[PDB]
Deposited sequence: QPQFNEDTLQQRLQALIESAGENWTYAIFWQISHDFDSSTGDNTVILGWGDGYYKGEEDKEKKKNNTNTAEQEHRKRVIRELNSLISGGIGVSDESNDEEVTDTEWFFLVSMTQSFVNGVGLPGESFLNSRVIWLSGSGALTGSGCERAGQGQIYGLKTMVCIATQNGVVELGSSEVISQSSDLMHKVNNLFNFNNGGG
């Protein structure tokens, strides 16, 4: 009952393998700190912690396939795979974007349905919806922000919030 980084992948997997609903992936956004010489501030930054992808034109496909192979070094690549992948390089200043707003105000932000995502004025919600997501969720924890996405419209269930609560840290 006080989780650490070594179980984080296991807990993310547990979260959407045990889920009653059809979630496409889970992401954990870990906090880090970015000191700025210019102001002296140590701003909280949410960056990629870990993730678990479950899942379910030809030029674009060529590029994506090309990117996959390059990454292997260092068959279709679906929209949600790509979104999951592209998500790995994103980060968020505390208070900004879906994870940063979630973390700053210790919030559950539950966006269900395409219009909820496009009406949120939130950039990552908009990107998710472009890649076919219909539900996006951010839940602040003690150590960052848990995010869930799905290509289906999923209502907030108490079962899911229960599992979340048993798999991450809270104050």
The record leaves without C-alpha coordinates the deposited-sequence stretches 1, 58-67, 86-98, 196-199
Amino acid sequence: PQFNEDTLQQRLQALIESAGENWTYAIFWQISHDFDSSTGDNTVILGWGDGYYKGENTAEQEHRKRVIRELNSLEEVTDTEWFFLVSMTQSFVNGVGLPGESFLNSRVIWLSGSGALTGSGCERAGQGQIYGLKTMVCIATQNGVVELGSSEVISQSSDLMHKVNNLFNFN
From here on, numbers count along this sequence of modelled residues.
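Basically, rigid core = biggest C-alpha set you can superpose within 1.5 Å across the two forms.
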64-72 or 25-33, the stretch lying farther from the shown form in 7 other deposited structures of this protein by root mean square CA distance over structures and residues, after core fitting, is 64-72
Per-stretch CA RMS vs shown form in 7 other deposited structures of this protein, rigid core as reference, larger of 106-114/40-48 is 40-48
Mean Cα B-factor check, 34-42 vs 126-134, entry values; winner is 34-42
Comparing 147-155 with 16-24, the higher average Cα temperature factor in the PDB entry belongs to 16-24
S73: CA temperature factor from the record, placed by chain third, in the highest
Chain thirds by Cα B factor, record data; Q61 belongs to the highest
Split the chain's modelled residues into thirds by Cα B-factor; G113 lands in the lowest
For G121, the third of its chain by CA B-factor is the middle
So, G47's CA B-factor, relative to its chain, sits in which third? The lowest
